[PDB]
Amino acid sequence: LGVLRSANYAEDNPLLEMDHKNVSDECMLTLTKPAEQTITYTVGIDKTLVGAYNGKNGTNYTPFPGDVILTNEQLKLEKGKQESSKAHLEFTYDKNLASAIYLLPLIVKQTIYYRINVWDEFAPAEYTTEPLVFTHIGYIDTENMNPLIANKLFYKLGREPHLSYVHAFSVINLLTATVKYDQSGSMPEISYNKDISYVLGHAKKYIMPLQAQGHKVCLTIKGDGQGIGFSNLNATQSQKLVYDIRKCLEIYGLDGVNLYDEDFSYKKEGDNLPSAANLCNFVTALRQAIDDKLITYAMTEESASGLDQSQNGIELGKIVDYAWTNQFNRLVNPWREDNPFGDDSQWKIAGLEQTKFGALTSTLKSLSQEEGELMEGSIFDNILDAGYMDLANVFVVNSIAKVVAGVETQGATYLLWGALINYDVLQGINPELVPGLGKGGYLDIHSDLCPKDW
């Protein structure tokens, strides 16, 4: 008696994601008792087991009809060991394969039941039009990343026969344009680096495809450190930047703008100081100009004080679609007194419903043991124990970045916290980021999922 396991997957019957390329896995035999003598078993394909599997598990899988190349099919079990040598399975992709989930049973002659998801041209098999239950906002740094990677990241929701695939993000923020003085040194203008220019100049290639798959796409605007920005514009300057932002979203088919309140290098003394009232007047003007296009606000330690109070009757929270902070890998709760994780009252925005606040903005950085405990504690205790459920509606990822050495642990989890709370805990639906594991997945440090091509 023994078990035919996968070498890289703990799932008894692993589900591989085949996006128009081959997929592979290795399996081995684990014997309940150590081998008395050196024996060799052989693994083979038996597609006759499919009908019994679909009856037992309620599924509808058709046996995988593509070419399957098994190498090292003879499993060597040395005396005294319980695990054999590893066989290798290469599932060949071909255009003659329709998009579906297939089954390929591998037997000893127990049994392992490989499931192969053959993707369509836009989404995996069993993709659904069912919308994500929460708003997931993803930054893409156009200096290193292709915005189209959003169209490759999915959530595998549920367990068979109730599997569903949904896009992992619903809003995408493009990093970044900046605000600086104009050539005459009197007016603010938007400045675009070489990367964000090519993205916007080719919005038909990089933006409309995202919008076609349900993504709202916004342009982020930071400062360029010349001391002029969203919170210190006079009447004339405000009308200029409002006009230019309104024009920019119309010109490139953008759904909205993300006001990233950082890097303006505001002076601490002089005649153009930052004020929360100026910010409220500028954003109020922006809202009149762009109508229902999205305005979001990213708060930082460089934000002006007073946003917890109305400014000339204006509450910034009433006129913005979403807000969040740069307090990465930590759940910020500005409405919680005696907060055991730290007082976040500085991040309070007057008029902002909790359901519009990204309490958790995660970033791709390795965390210490303490930092890791702070992240999970702040998330769980605030949303479940303290009862701030409304803080589970918006989740933000500041830069979907490449998974590399030293950030594999955060890479695997920092895009799943919103699905973890909303689906796995608040409902019973298991969530998995796809395409994660395996050669070529988002978590393969030697592969780029959807690389920069300009």
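In this text, residue numbers run from 1 along the sequence as written.
J.: Could you tell me how many residues of the deposited sequence sit unmodelled between residue 95 and residue 96 (none, 1 to 3, 4 to 9, 10 or more)?
T.: The entry has no gap there; residue 95 and residue 96 are joined directly.
J.: Taking the mean of the C-alpha B-factors per stretch from the entry, tell me the winner out of 163-171 and 361-369.
T.: On average, C-alpha B-factors are higher across 361-369.
J.: Can you let me know which of the two, 331-339 or 122-130, has the higher average C-alpha B-factor in the entry?
T.: Per the PDB record, 331-339.
J.: Quick one: which of 421, 35, 391, 403 shows the highest Cα temperature factor in the PDB entry?
T.: In the PDB entry, the greatest C-alpha B-factor among 421, 35, 391, 403 is found at 35.
J.: Per the entry, which of 386, 397, 412, 29 tops the list for Cα B factor?
T.: Going by the entry's C-alpha B-factors, 29 comes out highest.
J.: For residue 200, does the deposited CA B-factor place it in the lowest, middle or highest third of the chain?
T.: Residue 200: CA B-factor falls in the lowest third of its chain.
J.: Taking the values exactly as deposited, rank residue 60 by C-alpha B-factor within its chain and report the matching third: lowest, middle or highest.
T.: CA B-factor rank for residue 60: middle third.
J.: Pull the Cα B-factor of residue 432 out of the PDB entry and bin it into the chain's lowest, middle or highest third.
T.: It belongs to the middle third of the chain when residues are ordered by C-alpha B-factor.
J.: Residue 380: which third of its chain by C-alpha temperature factor?
T.: For residue 380, whose C-alpha B-factor we compare with every modelled residue in the chain, the answer is the highest third.
J.: Split into thirds by Cα B-factor across the chain's modelled residues, where does residue 15 land: lowest, middle or highest?
T.: Lowest third.
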